[PDB]
Amino acid sequence: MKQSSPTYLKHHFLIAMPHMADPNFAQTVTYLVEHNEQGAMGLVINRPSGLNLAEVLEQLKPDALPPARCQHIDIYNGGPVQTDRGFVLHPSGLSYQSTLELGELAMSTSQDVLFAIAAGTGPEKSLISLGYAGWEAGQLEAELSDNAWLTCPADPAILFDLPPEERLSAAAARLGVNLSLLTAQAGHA
């Protein structure tokens, strides 16, 4: 009996290749939330944003005032779809107003959960990423057949800890490359 679905891309990482006309986006990796023959949803997890939770909070509510907590919180780039909202992904099986369970992790798009977690009444750990990435019925299969976007298994640890550079390093680590000796970390000898 199988627990995880290795058949569908409803939780896999896509890697950008120089096979298309995208030289700027040729070095990004996306996380596929839900893959379907009629379309696919996923969040980009390799490009941190230069925004804080206070700004989104201010964009969400004009009469609301952001505290010291929001100022110390950053935003991540999720994709080109809906740049006016922030996505909230956590590793719990709990649900809110608009939450989709994805087994090892849940997805929350409710502003109420955003405020709740920011206050500390939401999930254990979350990811606030502005907008998502969406593919039309055939667009993904097109880029997949065109060798534009490669598909590979994923791990949430990379997504929750460091998806900016640790996504590239971990990706190589997933494929089977010794990135640790090429990059080398500073600490104890």
# chains A, B, ... in the order shown; residues from 1 in each chain; ligands from 1

call {"tool": "residues_around", "arguments": {"residues": "range 126-140 of chain A", "least_positions_apart": "2", "cutoff": "6 Å", "atoms": "only C-alpha atoms", "output": "PyMOL selection string"}}
result
chain A and resi 37-43+75-79+81-83+85-90+142-144

call {"tool": "write_last_selection", "arguments": {"atoms": "C-alpha atoms", "output": "JSON list (two decimals), in the first residue's frame"}}
result
[["chain", "number", "residue", "atom", "x", "y", "z"],
["A", 37, "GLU", "CA", -4.88, 17.75, -16.74],
["A", 38, "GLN", "CA", -7.07, 20.88, -16.90],
["A", 39, "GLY", "CA", -4.52, 23.09, -15.09],
["A", 40, "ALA", "CA", -1.91, 23.29, -12.29],
["A", 41, "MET", "CA", -1.26, 25.48, -9.22],
["A", 42, "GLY", "CA", 2.12, 25.97, -7.63],
["A", 43, "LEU", "CA", 4.23, 28.53, -5.74],
["A", 75, "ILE", "CA", 7.38, 38.24, 2.03],
["A", 76, "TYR", "CA", 8.28, 35.64, -0.65],
["A", 77, "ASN", "CA", 7.56, 35.58, -4.44],
["A", 78, "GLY", "CA", 4.93, 32.92, -5.28],
["A", 79, "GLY", "CA", 4.29, 33.77, -8.92],
["A", 81, "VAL", "CA", -0.97, 35.39, -10.36],
["A", 82, "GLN", "CA", -2.65, 37.84, -7.88],
["A", 83, "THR", "CA", 0.21, 40.10, -6.67],
["A", 85, "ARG", "CA", -2.51, 39.01, -1.94],
["A", 86, "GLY", "CA", -0.22, 36.89, 0.23],
["A", 87, "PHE", "CA", -0.39, 33.09, 0.39],
["A", 88, "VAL", "CA", -0.05, 31.20, 3.70],
["A", 89, "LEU", "CA", 1.33, 27.62, 3.53],
["A", 90, "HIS", "CA", 1.81, 25.55, 6.73],
["A", 142, "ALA", "CA", 3.63, 21.84, -23.40],
["A", 143, "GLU", "CA", 6.59, 23.20, -21.38],
["A", 144, "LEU", "CA", 7.21, 19.64, -20.10]]

call {"tool": "select_by_dssp", "arguments": {"residues": "chain A", "states": "strand (DSSP E or B)", "output": "PyMOL selection string"}}
result
chain A and resi 12-16+29-36+39-44+48-52+74-77+81-90+99-102+105-108+127-136+149-153

call {"tool": "residues_around", "arguments": {"residues": "residue 11 in chain A", "least_positions_apart": "4", "cutoff": "9 Å", "atoms": "only C-alpha atoms", "output": "PyMOL selection string"}}
result
chain A and resi 5-6+31-35+42+102+153-155

call {"tool": "write_last_selection", "arguments": {"atoms": "N, CA and C atoms", "output": "compact mmCIF listing (two decimals), in the first residue's frame"}}
result
# COMPACT_ATOMS: atom_id res chain seq x y z
N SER A 5 1.43 10.00 -3.33
CA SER A 5 1.11 9.86 -4.75
C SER A 5 2.31 10.28 -5.64
N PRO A 6 3.16 9.32 -6.10
CA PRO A 6 4.32 9.62 -6.96
C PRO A 6 3.94 9.64 -8.45
N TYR A 31 7.11 25.03 -6.76
CA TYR A 31 6.52 23.92 -6.01
C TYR A 31 5.10 23.72 -6.51
N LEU A 32 4.82 22.53 -7.03
CA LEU A 32 3.50 22.23 -7.57
C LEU A 32 2.54 21.79 -6.48
N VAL A 33 1.59 22.70 -6.19
CA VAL A 33 0.55 22.52 -5.17
C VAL A 33 -0.43 21.41 -5.58
N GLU A 34 -1.08 21.60 -6.74
CA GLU A 34 -2.05 20.63 -7.26
C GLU A 34 -1.95 20.55 -8.78
N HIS A 35 -1.55 19.38 -9.30
CA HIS A 35 -1.41 19.18 -10.74
C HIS A 35 -2.64 18.49 -11.30
N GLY A 42 0.88 26.14 -8.36
CA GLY A 42 2.12 25.97 -7.63
C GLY A 42 2.74 27.30 -7.24
N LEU A 102 -2.92 19.31 1.66
CA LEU A 102 -2.01 18.66 0.71
C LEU A 102 -1.12 17.64 1.43
N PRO A 153 11.06 15.10 -7.55
CA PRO A 153 10.45 15.00 -6.20
C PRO A 153 10.86 16.19 -5.33
N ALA A 154 10.08 16.47 -4.27
CA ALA A 154 10.37 17.61 -3.41
C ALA A 154 10.34 17.27 -1.92
N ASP A 155 10.87 18.21 -1.13
CA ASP A 155 10.91 18.11 0.32
C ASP A 155 10.49 19.47 0.90

call {"tool": "select_by_dssp", "arguments": {"residues": "chain A", "states": "helix (DSSP H, G or I)", "output": "ChimeraX atom specification"}}
result
/A:53-60,68-71,111-119,139-145,156-160,166-175,179-183

call {"tool": "atom_distance", "arguments": {"atom1": "CA of residue 13 in chain A", "atom2": "CA of residue 120 in chain A"}}
result
29.2 Å
